[PDB]
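Data block below; observations after.
Only heavy atoms go into these numbers, but all of them, side chains included; no hydrogens, no water, no symmetry mates. Residue numbering restarts at 1 for every chain, and letters A, B, ... go by the order of the sequence lines.
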Amino acid sequence: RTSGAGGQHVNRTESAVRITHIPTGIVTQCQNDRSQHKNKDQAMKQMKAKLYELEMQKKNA
Amino acid sequence: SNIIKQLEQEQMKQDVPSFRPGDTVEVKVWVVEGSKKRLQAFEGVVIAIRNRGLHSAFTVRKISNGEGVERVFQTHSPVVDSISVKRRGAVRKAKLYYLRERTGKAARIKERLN
Amino acid sequence: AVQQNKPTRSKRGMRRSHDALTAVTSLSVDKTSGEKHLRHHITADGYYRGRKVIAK
Amino acid sequence: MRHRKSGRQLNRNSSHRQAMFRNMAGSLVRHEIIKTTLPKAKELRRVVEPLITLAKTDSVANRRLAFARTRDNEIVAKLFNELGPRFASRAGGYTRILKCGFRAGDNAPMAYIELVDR
Amino acid sequence: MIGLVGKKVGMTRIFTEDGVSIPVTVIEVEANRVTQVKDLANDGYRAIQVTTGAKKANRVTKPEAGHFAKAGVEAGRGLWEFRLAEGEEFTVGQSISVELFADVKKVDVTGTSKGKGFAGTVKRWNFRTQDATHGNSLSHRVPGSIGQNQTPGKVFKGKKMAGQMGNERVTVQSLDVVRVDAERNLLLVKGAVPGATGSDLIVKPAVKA
Amino acid sequence: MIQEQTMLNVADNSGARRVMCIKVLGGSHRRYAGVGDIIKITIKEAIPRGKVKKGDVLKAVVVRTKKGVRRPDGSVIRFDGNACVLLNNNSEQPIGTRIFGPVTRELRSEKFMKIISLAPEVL
RNA sequence: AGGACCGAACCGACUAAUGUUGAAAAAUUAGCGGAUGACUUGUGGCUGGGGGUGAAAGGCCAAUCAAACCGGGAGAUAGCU
RNA sequence: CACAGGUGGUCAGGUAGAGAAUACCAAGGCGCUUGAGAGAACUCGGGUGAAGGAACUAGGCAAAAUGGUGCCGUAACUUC
RNA sequence: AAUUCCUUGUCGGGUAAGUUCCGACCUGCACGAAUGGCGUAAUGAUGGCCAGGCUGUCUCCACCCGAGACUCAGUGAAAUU
RNA sequence: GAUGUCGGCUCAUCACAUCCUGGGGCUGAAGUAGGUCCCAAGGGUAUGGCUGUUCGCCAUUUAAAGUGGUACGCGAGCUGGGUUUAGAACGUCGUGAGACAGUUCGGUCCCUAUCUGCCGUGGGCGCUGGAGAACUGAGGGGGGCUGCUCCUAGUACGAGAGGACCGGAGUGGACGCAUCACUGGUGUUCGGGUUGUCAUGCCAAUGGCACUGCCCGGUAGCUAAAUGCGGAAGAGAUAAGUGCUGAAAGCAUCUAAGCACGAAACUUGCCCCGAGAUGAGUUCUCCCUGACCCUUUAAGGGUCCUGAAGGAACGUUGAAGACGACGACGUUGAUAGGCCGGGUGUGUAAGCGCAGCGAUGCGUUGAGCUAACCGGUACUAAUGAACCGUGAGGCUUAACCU
Ligand SMILES: [K+]
Ligand SMILES: [K+]
Ligand SMILES: [K+]
Ligand SMILES: [K+]
Ligand SMILES: [K+]
Ligand SMILES: [K+]
Ligand SMILES: [K+]
Ligand SMILES: [K+]
Ligand SMILES: [K+]
Ligand SMILES: [K+]
Ligand SMILES: [K+]
Ligand SMILES: [K+]
Ligand SMILES: [K+]
Ligand SMILES: [K+]
Ligand SMILES: [K+]
Ligand SMILES: [K+]
Ligand SMILES: [K+]
Ligand SMILES: [K+]
Ligand SMILES: [K+]
Ligand SMILES: [K+]
Ligand SMILES: [K+]
Ligand SMILES: [K+]
Ligand SMILES: [K+]
Ligand SMILES: [Mg+2]
Ligand SMILES: [Mg+2]
Ligand SMILES: [Mg+2]
Ligand SMILES: [Mg+2]
Ligand SMILES: [Mg+2]
Ligand SMILES: [Mg+2]
Ligand SMILES: [Mg+2]
Ligand SMILES: [Mg+2]
Ligand SMILES: [Mg+2]
Ligand SMILES: [Mg+2]
Ligand SMILES: [Mg+2]
Ligand SMILES: [Mg+2]
Ligand SMILES: [Mg+2]
Ligand SMILES: [Mg+2]
Ligand SMILES: [Mg+2]
Ligand SMILES: [Mg+2]
Ligand SMILES: [Mg+2]
Ligand SMILES: [Mg+2]
Ligand SMILES: [Mg+2]
Ligand SMILES: [Mg+2]
Ligand SMILES: [Mg+2]
Ligand SMILES: [Mg+2]
Ligand SMILES: [Mg+2]
Ligand SMILES: [Mg+2]
Ligand SMILES: [Mg+2]
Ligand SMILES: [Mg+2]
Ligand SMILES: [Mg+2]
Ligand SMILES: [Mg+2]
Ligand SMILES: [Mg+2]
Ligand SMILES: [Mg+2]
Ligand SMILES: [Mg+2]
Ligand SMILES: [Mg+2]
Ligand SMILES: [Mg+2]
Ligand SMILES: [Mg+2]
Ligand SMILES: [Mg+2]
Ligand SMILES: [Mg+2]
Ligand SMILES: [Mg+2]
Ligand SMILES: [Mg+2]
Ligand SMILES: [Mg+2]
Ligand SMILES: [Mg+2]
Ligand SMILES: [Mg+2]
Ligand SMILES: [Mg+2]
Ligand SMILES: [Mg+2]
Ligand SMILES: [Mg+2]
Ligand SMILES: [Mg+2]
Ligand SMILES: [Mg+2]
Ligand SMILES: [Mg+2]
Ligand SMILES: [Mg+2]
Ligand SMILES: [Mg+2]
Ligand SMILES: [Mg+2]
Ligand SMILES: [Mg+2]
Ligand SMILES: [Mg+2]
Ligand SMILES: [Mg+2]
Ligand SMILES: [Mg+2]
Ligand SMILES: [Mg+2]
Ligand SMILES: [Mg+2]
Ligand SMILES: [Mg+2]
Ligand SMILES: [Mg+2]
Ligand SMILES: [Mg+2]
Ligand SMILES: [Mg+2]
Ligand SMILES: [Mg+2]
Ligand SMILES: [Mg+2]
Ligand SMILES: [Mg+2]
Ligand SMILES: [Mg+2]
Ligand SMILES: [Mg+2]
Ligand SMILES: [Mg+2]
Ligand SMILES: [Mg+2]
């Protein structure tokens with residue numbers, strides 16, 4: 001369930017998504033949308049971007 | 001009843017010295033270290049006496065190595081070898097629990113010179 | 001909380017089946033005055049067990 | 001649980017109970033028979049009979065004790081001058097309770113408590 | 001094995017020479033007289049009925065008096081039964097003393113626990129109280145929820161609720177026998193046995209062992 | 001009867017002055033620790049040059065309690081304060097070299113014999 | 001001296017509990033704020049409804065207020081129950 | 001409502017106390033229009049509590065605590 | 001930040017452990033100069049955080065004192081159906 | 001013409017897709033320690049930091065910190081931090097009123113239980129003459145957890161490092177039952193100190209009120225933190241699994257015939273309830289052995305006489321108890337009170353004497369007082385009665401005496 005849950009529906013629904021990459025240990029989370037599917041999509045995008053930036057940071061170093 | 005009183009009288013010690021709350025007493029008790037039984041002395045002020053037959057008890061308070069220690073001895077216990085009154089104190093209460101908040105010169109007890 | 005259905009006269013009487021009073025089993029008769037009294041109580045004239053206990 | 005406990009609260013605080021039994025003890029000494037409730041009489045026994053036992057031995061100390069228990073010198077005087085001498089030989093049980101029906105106003109069980117010799 | 005009926009005299013301590021205080025319960029086990037012996041042929045099971053103590057003749061009813069008289073024994077304060085084992089055999093009128101427990105090491109003592117009256121859930125079932133402050137309204141020691149919302153739609157049987165506590169048969173098992181004083185008719189057992197002082201106790205040789 | 005959040009004094013020269021019990025070790029839902037029990041402590045106050053520093057998390061053995069210890073004959077020994085001896089987190093051997101104040105016979109074990117030996121008095 | 005300080009009367013009403021078919025259609029108990037001031041209070045007067053009054057909350061205007069109450073248009077109208 | 005509410009002015013004893021606070025009293029007036037018992041759970045209003053001491057909880061809510069007079073002494077900062 | 005979505009931003013402090021607090025940073029979703037900007041002693045039944053004292057708030061409840069609840073006598077409701 | 005909602009709290013209950021403990025197969029299983037799958041639901045299955053949080057991260061534990069259903073269980077059980085009205089502000093949008101799955105500070109949680117259900121406790125009748133006891137056990141419920149150390153044994157295994165299975169003992173954690181001997185709490189019913197004030201004419205000594213005025217101790221009882229005990233062993237039948245013998249199928253084959261093992265699961269074993277078990281069971285004992293009349297003439301109704309065993313009622317009461325009930329006792333009596341003695345607690349009463357100017361001290365003095373305790377004691381109250389309950393107990397068929 002997401003924070004600031006306004007209403008019966010929001011108090012009831014499991015809309016917020018958190019994705020953890022087990023090897024990396026990095027975590028992304030999205031609760032912007034009212035839809036678990038869109039939140040999971042945005043979180044997957046952010047997870048891919050964070051893994052990219054991790055390798056980018058290593059190569060820059 | 002008579003039954004329990006008999007079962008207790010047969011266990012009570014017959015030489016317990018008279019001590020009143022406020023007296024300084026030395027209690028020699030049996031301590032056993034592995035295989036050797038020796039006597040260890042606890043000397044301090046009697047701050048409480050519970051007269052209850054075989055279930056009689058007394059509390060002695062000493063200050064050992066900078067720390068206050070209280071030991072509640074069962075009077076008729078076979079572990080208490082001996083009790084001796086080294087100094088008779090002049091108090092007016094029966095339980096000197098106020099000594100627990102007093103230290104040094106504030107915890108002095110006048111001698112009962114009578 | 002309150003009834004959803006009105007209880008019946010049958011149920012009322014069933015509940016009141018235990019509400020009956022009990023009569024005094026028997027009254028004692030004083031040996032001296034012969035007055036009847038509740039057992040272990042003084043009589044109206046002031047006699048208990050054949051002795052006048054309260055003057056009037 | 002009230003296991004092995006004695007005394008009746010009688011729907012009163014302790015000070016009220018003490019005052020009531022002081023007054024009622026004085027009344028029983030004065031009149032030698034009173035009409036009260038059965039519970040109150042069965043407690044007045046335990047208040048009053050010890051006072052008569054105290055009066056059996058007359059001393060300034062006992063008189064002062066009786067005054068403290070019953071703050072009235074007439075009652076103290078009666079206890080130590082008449083009642084004590086009267087009940088000298090009696091071991092205990094200086095009072096008797098006679099159940100006497102029920103009070104009209106509240107159906108309270110009533111009793112007469114009186115000194116035995118009266 | 002058969003047991004004996006006794007009375008809880010009280011609790012005491014035994015001081016051993018090595019500085020140990022054993023908490024003991026003193027049970028006065030007077031002579032238990034056998035008033036009837038039940039057998040497979042007549043009763044379908046093997047057992048002895050025993051009485052102990054004494055009773056007022058004016059308080060012994062004629063039906064009970066006939067039973068005692070048929071046994072040829074004096075009236076006691078009650079009758080109790082003990083199931084006989086395969087080897088055990090007794091005769092009517094025989095008296096059994098506390099010496100029976102001489103070599104018994106552990107016993108089981110059964111008595112009627114002290115009565116606590118109508119007890120709440122906190123005392124009876126060790127329920128946790130709700131918060132004393134922080135806003136609780138008239139619910140500091142109340143039970144709380146007693147079931148679920150519609151499934152099941154009922155309170156289950158055996159739900160722990162407030163009610164009578166105590167005044168029930170309770171057995172404490174595997175208590176050491178500290179002393180068997182035959183001449184005083186006393187059994188000193190280690191620990192606390194159920195019931196108040198002056199209550200009846202059934203003492204049997206320990207079953208668990 | 002030491003539990004979590006209980007502040008204890010220190011009976012050794014390790015350099016701590018006040019420690020706090022953060023866990024009573026040795027059992028699930030174990031509530032209290034008495035004399036002879038090992039607890040996990042945090043150092044709340046330490047002397048400037050001591051071996052241990054404020055904020056360290058280590059172990060300790062409770063050596064003195066106000067609740068006291070009960071001897072086989074029913075006697076009780078009560079102290080005026082709750083005091084512990086700090087131990088290494090792994091070896092569970094004493095960190096200091098001196099022991100201050102009386103200790104009890106309950107402490108005597110093959111594990112705690114160093115404390116027993118270094119104690120001013122074993123009551 | 002002071003829209004100064006502490007604190008009763010007095011005026012208020014920040015917290016909790018109780019009460020919630022109440023002792024009470026807003027209170028009680030324990031605390032709480034002001035307490036010579038932009039203070040508080042008695043008696044009498046004046047402002048009237050799209051009007052009053054409002055250190056402003058749409059607050060208050062007789063237990064009634066995003067337009068009082070009473071009577072009338074009036075049996076408004078009601079594709080709704 | 002014979003309702004724990006609201007209702008302006010006047011009078012102002014003693015002891016202690018700064019006091020019209022507060023405690024106990026005077027003059028004076030009252031015991032509050034259902035009682036009697038019992039002494040379970042539970043609710044309310046209080047008292048005390050071993051060892052611990054905010055671990056409670058959204059939050060130290062509530063409770064506990066402090067509390068007077070005289071004297072000593074008193075920090076950052078300051079519009080002094 | 002009463003403003004920042006991402007976001008529990010990152011770094012430092014405090015804690016054994018701190019989505020809160022405090023000090024920085026600036027990448028200000030979406031600060032900004034009388035619908036005022038930034039400070040500010042004093043003040044506040046104002047919001048957040050920390051410490052000492054204190055404790056039944058809690059570990060974990062126990063006992064006691066009163067008023068109900070229970071029994072007896074008298075009077076005698078209510079919602080709902 | 002209203003099915004109250006996130007989280008927490010209290011209380012749970014079920015599923016197994018099992019987190020631990022139990023049993024097994026394979027292993028890239030030497031041992032230790034694991035992996036993976038199968039069987040198994042008996043018991044067990046953290047406390048804190050942050051946040052309204054669920055979640056999550058973190059600290060420190062644990063044998064383990066299971067996954068779920070139950071209106072994402074549970075507000076006529078609690079809370080009210082979040083959400084969700086009315087006040088206010090920031091950012092942003094709008095010319096504005098206003099608005100924001102933006103944020104920020106503040107903001108009323110009712111219900112006396114009729115029914116079912118559940119926890120306890122009675123009354124009635126039944127069980128076939130009545131009554132007092134003791135049982136049996138159909139059935140039902142409870143309980144069932146686990147760590148660490150030591151021995152085996154530094155043995156088996158291993159190059160070493162390390163390090164067992166099987167079996168045995170001890171001691172703990174959590175949980176539960178009982179109890180109060182000890183250690184404590186409480187102890188407004190016991191004793192003492194003390195402040196203000198009032199009263200007892202005054203002094204002396206007391207009492208009242210001030211939260212028990214404030215305190216200090218403390219009996220009984222109740223009680224935990226106190227201290228005893230428990231989980232089992234054993235048995236039966238099994239799960240996964242392991243097998244023996246053994247053909248169909250000249251071999252093979254745990255299976256088809258036959259036979260043996262095999263787990264905290266099941267049935268017992270342990271504890272408690274339990275014959276309304278209407279299928280109302282069993283055993284022991286006690287009591288009642290009169291006459292007459294009618295009718296519709298029978299398991300009929302009366303009349304007189306008789307009133308048993310026992311019960312109830314009443315009273316004194318109880319470590320029994322809301323009321324019932326249960327227990328003890330009622331003069332041939334220790335049931336309650338009182339009384340007597342003891343104990344316990346408090347701590348040296350009063351009065352008197354002495355010392356001191358006085359406060360005060362000392363002696364009489366471990367004094368006085370002392371609840372619920374212990375041991376005794378008929379002094380008081382438990383009244384002779386009365387009341388209910390009857391008079392030999394149906395039919396049929398067997399067996400035996402007859
Ligand atoms: K009346
Ligand atoms: K208008
Ligand atoms: K902004
Ligand atoms: K402007
Ligand atoms: K300005
Ligand atoms: K502030
Ligand atoms: K397993
Ligand atoms: K395996
Ligand atoms: K299971
Ligand atoms: K979250
Ligand atoms: K569940
Ligand atoms: K729902
Ligand atoms: K409901
Ligand atoms: K129904
Ligand atoms: K005890
Ligand atoms: K006690
Ligand atoms: K006085
Ligand atoms: K084969
Ligand atoms: K039967
Ligand atoms: K008696
Ligand atoms: K003296
Ligand atoms: K004297
Ligand atoms: K004495
Ligand atoms: Mg919205
Ligand atoms: Mg009725
Ligand atoms: Mg009694
Ligand atoms: Mg009343
Ligand atoms: Mg009871
Ligand atoms: Mg409320
Ligand atoms: Mg409350
Ligand atoms: Mg509900
Ligand atoms: Mg001012
Ligand atoms: Mg006024
Ligand atoms: Mg106002
Ligand atoms: Mg007020
Ligand atoms: Mg001010
Ligand atoms: Mg002021
Ligand atoms: Mg508005
Ligand atoms: Mg109005
Ligand atoms: Mg209009
Ligand atoms: Mg018209
Ligand atoms: Mg119309
Ligand atoms: Mg009135
Ligand atoms: Mg005055
Ligand atoms: Mg006043
Ligand atoms: Mg009460
Ligand atoms: Mg209360
Ligand atoms: Mg308090
Ligand atoms: Mg405490
Ligand atoms: Mg304390
Ligand atoms: Mg502290
Ligand atoms: Mg916290
Ligand atoms: Mg918490
Ligand atoms: Mg507060
Ligand atoms: Mg307070
Ligand atoms: Mg940080
Ligand atoms: Mg900041
Ligand atoms: Mg702005
Ligand atoms: Mg501008
Ligand atoms: Mg401004
Ligand atoms: Mg202001
Ligand atoms: Mg009535
Ligand atoms: Mg409807
Ligand atoms: Mg399975
Ligand atoms: Mg099962
Ligand atoms: Mg089983
Ligand atoms: Mg957590
Ligand atoms: Mg928090
Ligand atoms: Mg679902
Ligand atoms: Mg759930
Ligand atoms: Mg739900
Ligand atoms: Mg809210
Ligand atoms: Mg608004
Ligand atoms: Mg507010
Ligand atoms: Mg509610
Ligand atoms: Mg079961
Ligand atoms: Mg005792
Ligand atoms: Mg005590
Ligand atoms: Mg006290
Ligand atoms: Mg007193
Ligand atoms: Mg005078
Ligand atoms: Mg005087
Ligand atoms: Mg007065
Ligand atoms: Mg008073
Ligand atoms: Mg007064
Ligand atoms: Mg073959
Ligand atoms: Mg096991
Ligand atoms: Mg009952
Ligand atoms: Mg004494
Ligand atoms: Mg005195």
Dump the pairs, protein N or O against N or O of nucleotides 58-60 of chain J, anything under 3.5 Å, distances to one decimal.
unit_1: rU60(J); atom_1: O2; unit_2: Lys23(F); atom_2: NZ; d: 3.0

What nitrogen or oxygen pairs link the protein and nucleotides 269-271 of chain J at under 3.5 Å?
unit_1: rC270(J); atom_1: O3'; unit_2: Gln173(E); atom_2: OE1; d: 3.4
unit_1: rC270(J); atom_1: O2'; unit_2: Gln173(E); atom_2: OE1; d: 2.9
unit_1: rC270(J); atom_1: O2'; unit_2: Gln173(E); atom_2: NE2; d: 3.3
unit_1: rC271(J); atom_1: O3'; unit_2: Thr171(E); atom_2: OG1; d: 3.3

Could you list the protein-to-nucleotides 11-17 of chain J atom pairs, N/O on both sides, closer than 3.5 Å?
unit_1: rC11(J); atom_1: OP1; unit_2: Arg128(E); atom_2: N; d: 2.9
unit_1: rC11(J); atom_1: OP2; unit_2: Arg128(E); atom_2: NH2; d: 2.9
unit_1: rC11(J); atom_1: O2'; unit_2: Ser145(E); atom_2: O; d: 3.2
unit_1: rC11(J); atom_1: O2'; unit_2: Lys159(E); atom_2: NZ; d: 2.8

For nucleotides 202-204 of chain J, tabulate all protein N/O to nucleotide N/O atom pairs closer than 3.5 Å, reporting atom names and distance.
unit_1: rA204(J); atom_1: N3; unit_2: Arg64(D); atom_2: NH2; d: 3.3

Verdict with reasoning, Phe15(E) to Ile22(E), per side chain to side chain contact (heavy atoms under 4.5 Å, CB included): CA-CA 6 Å; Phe15(E) 277 119; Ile22(E) 308 180; over 6 Å; no

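Phosphate proximity of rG330(J) to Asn58(E): present, with a side-chain N or O under 4.0 Å from OP1 or OP2. A sub-4.0 Å separation between OP1 or OP2 of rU61(J) and a side-chain N or O of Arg30(F) is absent.
Between the CG atom of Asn13(D) and the P atom of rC64(I) there is a distance of 18 Å, rounded to whole Å. Across the protein-nucleic acid pair, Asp43(E) atom CG and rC284(J) atom P stand 7 Å apart, rounded to whole Å. The distance from atom CZ of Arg112(B) to atom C1' of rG366(J) is 10 Å, rounded to the nearest whole Å. Look at CD1 on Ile38(F): it is 15 Å from P on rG172(J), rounded to the nearest Å. The distance between atom CD of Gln36(E) and atom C1' of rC284(J), rounded to the nearest whole Å, is 5 Å.
Sparse packing is recorded around NZ of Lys54(F), with 12 or fewer heavy atoms of other residues, nucleotides or ligands lying under 6.0 Å away.
No Watson-Crick or G-U wobble pair links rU48(H) with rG56(I) with both defining distances under 3.5 Å. With both distances under 3.5 Å, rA336(J) pairs with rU380(J) in Watson-Crick or G-U wobble fashion.
The separation of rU377(J) from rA334(J), taken at their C1' atoms, amounts to 9 Å, rounded to a whole angstrom. Across the P atoms, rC50(J) and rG52(H) are found 25 Å apart, a figure rounded to whole Å. A distance of about 11 Å separates the P atoms of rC209(J) and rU189(J), rounded to the whole Å. Comparing the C1' positions of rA51(I) and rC14(G) gives an interatomic distance of 26 Å, to the nearest angstrom. As rounded to the nearest Å, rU155(J) and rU32(J) have P atoms that lie 15 Å from one another. Look at the P atom in both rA378(J) and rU223(J): the space between them is 37 Å, to the nearest Å.
The closest side-chain donor-acceptor pair between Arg22(D) and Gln18(D) falls under 3.5 angstrom.
Relative to the side chain of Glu4(F), the nucleotides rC61(H), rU47(J), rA101(J) differ in distance, and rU47(J) lies closest. Comparing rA309(J), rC9(J), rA36(H) against the side chain of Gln130(E) picks out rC9(J) as the nearest. When the nucleotides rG345(J), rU179(J), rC229(J) are ranked by their closest atom to the side chain of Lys114(E), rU179(J) comes out on top. In the set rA178(J), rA220(J), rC6(J), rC6(J) carries the atom at the smallest distance from any side-chain atom of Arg1(A).
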Quick tally for nucleotides 40-46 of chain H: nucleotides whose base has a protein heavy atom under 4.0 Å get B, sugar-phosphate-only ones S, the rest -, giving BSSSS--

For a quick check, with a 4.0 angstrom heavy-atom cut-off, what is the B/S/- contact string for nucleotides 183-192 of chain J, read 5' to 3'? BS---SB---

Nucleotide by nucleotide, 5' to 3', does protein get under 4.0 Å of the base (B), only the sugar-phosphate (S), or neither (-) in nucleotides 373-391 of chain J, counting heavy atoms? SSS---BSSSBBBBS----

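Nucleotide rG66(J) has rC16(J) as its partner under the Watson-Crick or G-U criteria, with both atom distances under 3.5 Å.
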Listed pairs under 3.5 Å, donor-acceptor, residues 110-123 of chain E side chains, sequence neighbours left out:
unit_1: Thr110(E); atom_1: OG1; unit_2: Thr171(E); atom_2: OG1; d: 2.8
unit_1: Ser113(E); atom_1: OG; unit_2: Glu168(E); atom_2: N; d: 3.3
unit_1: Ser113(E); atom_1: OG; unit_2: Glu168(E); atom_2: O; d: 3.0

Please tabulate, for side-chain N and O atoms in residues 62-70 of chain D, each donor-acceptor pair with protein atoms closer than 3.5 Å (sequence neighbours left out).
unit_1: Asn62(D); atom_1: ND2; unit_2: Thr57(D); atom_2: O; d: 2.7
unit_1: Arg63(D); atom_1: NE; unit_2: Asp58(D); atom_2: OD1; d: 3.0
unit_1: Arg63(D); atom_1: NH2; unit_2: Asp58(D); atom_2: OD2; d: 2.9
unit_1: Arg63(D); atom_1: NH2; unit_2: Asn81(D); atom_2: OD1; d: 2.9
unit_1: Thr70(D); atom_1: OG1; unit_2: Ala66(D); atom_2: O; d: 2.7

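Take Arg30(F) and apply the salt bridge (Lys or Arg N to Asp or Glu O under 4.0 Å) test, not counting sequence neighbours, and it matches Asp37(F). Residues meeting the ring-ring contact (aromatic ring centres under 6.0 Å, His included) test with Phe21(D), sequence neighbours left out: none. In this structure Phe79(F) satisfies the ring-ring contact (aromatic ring centres under 6.0 Å, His included) test with no other residue, sequence neighbours excluded.
On the basis of its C1'-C2'-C3'-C4' angle being positive, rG389(J) carries a north sugar.
Stacking here means ring centres nearer than 5.5 Å and ring planes tilted less than 30 degrees, and by that measure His134(E) stacks onto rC61(H).
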